[PDB]
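Chemist: Once you've had a glance at the structure underneath, I'll fire off some questions.
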There are 2 protein chains.
Amino acid sequence: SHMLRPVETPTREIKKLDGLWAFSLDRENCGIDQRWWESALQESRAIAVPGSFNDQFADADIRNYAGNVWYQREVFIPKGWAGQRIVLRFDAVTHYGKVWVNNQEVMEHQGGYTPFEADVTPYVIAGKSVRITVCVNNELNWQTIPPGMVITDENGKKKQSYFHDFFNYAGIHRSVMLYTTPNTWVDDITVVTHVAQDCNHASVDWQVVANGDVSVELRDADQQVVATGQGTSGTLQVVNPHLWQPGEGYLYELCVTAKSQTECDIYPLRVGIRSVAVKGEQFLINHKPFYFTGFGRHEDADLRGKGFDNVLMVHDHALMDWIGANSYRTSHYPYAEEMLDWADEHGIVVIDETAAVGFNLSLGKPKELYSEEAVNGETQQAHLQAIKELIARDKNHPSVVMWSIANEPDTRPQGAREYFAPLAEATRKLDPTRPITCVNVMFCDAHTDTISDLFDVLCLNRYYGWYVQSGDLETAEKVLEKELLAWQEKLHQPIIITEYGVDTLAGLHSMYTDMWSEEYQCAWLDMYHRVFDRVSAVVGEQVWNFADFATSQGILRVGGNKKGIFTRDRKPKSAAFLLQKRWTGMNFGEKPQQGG
Amino acid sequence: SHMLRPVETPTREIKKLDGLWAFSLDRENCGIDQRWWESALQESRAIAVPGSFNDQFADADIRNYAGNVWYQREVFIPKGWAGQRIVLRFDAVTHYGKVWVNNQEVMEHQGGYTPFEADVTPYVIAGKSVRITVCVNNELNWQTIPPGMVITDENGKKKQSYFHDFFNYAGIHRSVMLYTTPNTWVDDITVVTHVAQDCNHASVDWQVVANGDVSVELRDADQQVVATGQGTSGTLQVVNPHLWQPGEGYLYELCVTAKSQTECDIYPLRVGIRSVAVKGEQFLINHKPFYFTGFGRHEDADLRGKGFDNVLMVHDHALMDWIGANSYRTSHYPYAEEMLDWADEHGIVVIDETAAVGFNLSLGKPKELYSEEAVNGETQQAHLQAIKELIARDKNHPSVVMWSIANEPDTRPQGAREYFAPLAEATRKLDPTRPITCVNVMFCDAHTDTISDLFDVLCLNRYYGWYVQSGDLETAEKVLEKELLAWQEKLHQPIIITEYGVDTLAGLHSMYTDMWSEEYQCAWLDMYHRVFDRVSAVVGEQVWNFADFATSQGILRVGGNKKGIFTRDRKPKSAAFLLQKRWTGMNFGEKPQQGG
Ligand SMILES: O=C(O)[C@H]1NC(=O)[C@H](O)[C@@H](O)[C@@H]1O
Ligand SMILES: O=C(O)[C@H]1NC(=O)[C@H](O)[C@@H](O)[C@@H]1O
């Protein structure tokens, strides 16, 4: 469908992101048979929402649970809600959610990281209390996005195995809410912003107003109307603009009005006037070459598996700001929209990424990745859908300068191309206004990768000197430089190293500057930087990883992934100061001149 | 060469192990060419001996060095040693040494864990200073024990590669001593103990008098002669037994007197009256069921690498005693003989092991492990040769109950059985008195493993739950039991678990009791224990490792190896208390009731 972001004015929100909900596991999978949504959840403990369910109770068995869990909550419809359009929305429900308003199934969703909502007007009475039961599923398979394989052992007990390097946290990770609109309501806006050598431009609009004529006005930061439009559908605005720019992100405001004969609806959409374009080996923003700095991030913290939190967001952005990061990539799933609102407001450049990681069977059972058994026509449709829902969500955020379709598919087999070519094309139809990318795994190098020509920007995840040439900066450096030059000459695209990093145990110090030591982390990033500055095609550097985060258990992960610049409690490792010096020492948004 | 532990009676030694020798790297491999041994090493620096050269200087470039290093030292010969036999002895020089005394090449050795000695009387003048120069080589190859491959880079320098987990520390690891003897002397002995039902029984001497007759009296701990023979070549002695027992380890003393016309050489040996053999599923200590507790250990410590150190030895034994260890294995190389005197004297049980580890290519470039390319006849000789020298050294140490011919060879390839059958043969003949073993890796399991039948005791290194069934105690327990039971069937041989362990970060704590957490170590060690007990065949437990220790760099090793019950600075992890409680809550040398 269509997704607008709930704002208040004529339209109003009840939070119900009030956190305390009833919660129980459904170990027997009785829940649907017995219609638990029909009465109060039995044997139910208190849980916080928004939040992962896994870590809230410090219990291994709830953490490692695979299958169905139930959230239940009673809530009060505002009396004043009367005959307005009432909508129940979930910003996210991890992997799968099915929702009941009082023994009435109102919605269903597969996707752990984007919103789903249903008009509930007919199913609720204003001034009365309703029971809300969500059945949440955390299972992955070959058609889920990201993919996985549940293994049931001989006892019929499920266990989730998956192919990506973060932990499969689940639950209601983001805001759930009740919200209002008039029976005439704006429900889709699409803004495209053009700029022409930065003295003037046009901002096209496209508007869907469920039964309403629309009018448009564009306002300053200091709230004065600078352009108007009728053409309630397709209306183009000309301006002497304050451009939304990486440093500051100046935001205009577009007010969308849906008028019925008796009814009004008012939707304000923040707009940054900026162009994004690749020209040759450059990534241009408002027609200037940009240089990315900053991180691949995760949504991860102690006690919240991936649950959204405002303090964590305020804090992490103070860190990213302090360190001189100008960008990030929503590694491995769409992030909370609050994050993109922040980025828009603060002029943070973002690479927006679907949840399509784990397409790889060689990261470290089926023998063909592209297979009817394993990655197939159904998967591709699920993949396209994931792309659709992400673009439908994030299309108007000026902070998003690029779409990332997938992280680290195995592109060696013939068929990778078969599978990805249509997604690349589809994606571009969905959004013509942004470069497109597919993040690239180390072993699909310049000579073996089959897919990268189909996208606009080259985003490489590189670990030379870590997973390969381990401990050896000297030969690490040679392989890295040779690889990046090969890519440059092969594709003549802008290259962003979207991942480079080494596990570092905070407090592990070594005179020998060897693996897993603060000093090795320092020397290794430093060597990588030396190379980047020698390669003109390199247009960006995003360190892996903002902070330590949880993964599945194994021999390769010491209590988790330790490639953070900060620890999970947001303590700086000495590499944090190193990056601070490089990033705050550069000219903003500008690439070093390959010397101090 | 004939091998006797120098001791002080009518015989004298001056340790040159007084530590400060002059040291140099020969990066240019000029050393031999220019007879560096003829003049003071230039570009020299002070180094301590006994100790690894690698970590003494906090320099990576020295730590990772492969090739020849030069040790030089001047020493005033004592005036009272003038027409006496003078012997220069190195208890160990890691990998290879070439020794000169003032431009006089005196000795050469391959094998980093056993002594080598030569008479220097002709090349040295008593009351004068002579210059000692040593060429130490750390390079390993296929002919070497343990094996390795050395690669010369595209730039021209050497880098070592090897297949055993611990770090390749090299240098002069054990003491060097000048050594005195009469012109007629003892250079060999051998003793055997027979004890039938702990009634009085006999000790057969066999000796080598280098031109003398011997009187050979046995003394009690009170120097009270309780038996005598004059047959300097073969005897027997019989009295009410007084057993060398694992509890306290009582010893007798055998004066070996060797007579010439002008000179008498009294050599003293220590003797522990005890019996070791297998009956079916049981390892019997003096005809009585023993159950092993204690560790796989290494020679590794903070700044000395594998260099011997008395304080470290005193301290480690305090800890093993405290924790209830009765046994350990000289992991993957033979230890400093001081360790074996301690075990003899305190009655500790020792599974003695050669340096033959890393025969395997699957632990984590040649096609066939046993082949001209990889392991060949030549390699089988050195293996033999290494086994010769060990038994030559430790044959008389009562604490040694059993030989471990090697650690973790891959027996799946073709020829594995052909390789080990003859070496098994040669060893049984070399010491008929002690049982013999080969320590077995996880992936050569009961059904897959060849070559388990040629050995008397089954020594298993098992990791279920940690490398496989990663983090899963429940399945790991079943696999382990079925595995161990499957082992009682194929053979009804005594089973000792020589390694069972999990990497654990001191200070990593988890409510989820997951991998690399102090808790997990406890839970996992606990789990092996419940299984261990149920198997009648299980004669012992030896935890991997005693303490954290260095390894070559890689993504699987964080500090180095972290499976230590103690950290490298000897601080206990919570699992030290788990073991303490079991190993002292037992009856000594006995098995638990397969229940409390
Ligand atoms: O293994 C890593 O450290 C990271 N490398 C990658 O290439 C992946 O894109 C990341 O998910 C992963 O966390
Ligand atoms: O990897 C380990 O935890 C240990 N397991 C083994 O089987 C080896 O005998 C040891 O060297 C090694 O350190």
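Here, residue 1 is simply the first one shown, and the rest follow in order.
Every residue, even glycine, has its Cβ placed from backbone N, Cα and C.
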Chemist: Return the residue out of B:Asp153, B:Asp165, B:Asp187, B:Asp188 that Swiss-Prot annotates for the same D-glucuronate site as B:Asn407, B:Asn461, B:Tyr467, B:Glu499, B:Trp544, B:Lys563.
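Modeler: Between B:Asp153, B:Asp165, B:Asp187, B:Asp188, Swiss-Prot records just one in the D-glucuronate site with B:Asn407, B:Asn461, B:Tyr467, B:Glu499, B:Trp544, B:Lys563, namely B:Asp165.
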Chemist: Taking just the CA atoms, what is the gap between B:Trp544 (D-glucuronate binding site) and B:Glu408 (active site, proton donor) in Å?
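Modeler: Between the alpha carbons of B:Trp544 (D-glucuronate binding site) and B:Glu408 (active site, proton donor) there are 14 Å.
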Chemist: Compute the C-alpha separation of B:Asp165 (D-glucuronate binding site) from B:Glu408 (active site, proton donor), stating it in Å without decimals.
Modeler: 11
Chemist: Would you mind reading off the Cα separation of B:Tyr467 (D-glucuronate binding site) from B:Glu408 (active site, proton donor), to the nearest angstrom?
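Modeler: Here the two Cα atoms lie 16 Å apart.
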Chemist: When C-beta separations to chain A are restricted to under 8 angstroms, which of the recorded positions B:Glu408, B:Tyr467, B:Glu499, B:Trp544, B:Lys563 qualify?
Modeler: B:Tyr467
Chemist: Can you give me the same-chain residues 6 or more apart in sequence from B:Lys563 (D-glucuronate binding site) with a CB-CB distance under 8 Å?
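Modeler: For B:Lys563 (D-glucuronate binding site), the qualifying residues are B:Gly501, B:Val502, B:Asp503, B:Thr504, B:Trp544, B:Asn545, B:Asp548.
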Chemist: Whole-number Å distance between the CA of B:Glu408 (active site, proton donor) and the CA of B:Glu499 (D-glucuronate binding site)?
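Modeler: Cα-Cα distance, B:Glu408 (active site, proton donor) to B:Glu499 (D-glucuronate binding site): 11 Å.
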Chemist: Any idea of the Cα spread of the D-glucuronate site, B:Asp165, B:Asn407, B:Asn461, B:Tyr467, B:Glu499, B:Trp544, B:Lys563, as a max distance in Å?
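Modeler: Between the most distant Cα atoms of the D-glucuronate site, 18 Å.
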Chemist: Where does B:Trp544 (D-glucuronate binding site) sit in the DSSP three-state scheme?
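Modeler: Looking at the DSSP assignment, B:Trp544 (D-glucuronate binding site) belongs to neither helix nor strand, so coil.
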Chemist: Among the binding-site residues B:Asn407, B:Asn461, whose Cβ has the fewest other Cβ atoms within 10 Å?
Modeler: B:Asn461
Chemist: Just to verify: the residue among B:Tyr467, B:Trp544 with the fewest other Cβ atoms within 10 Å, which of the binding-site residues is it?
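Modeler: Candidates: the binding-site residues B:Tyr467, B:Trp544. Fewest Cβ atoms within 10 Å: B:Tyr467.
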Chemist: Give the three-state DSSP assignment (helix, strand or coil) for B:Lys563 (D-glucuronate binding site).
Modeler: coil
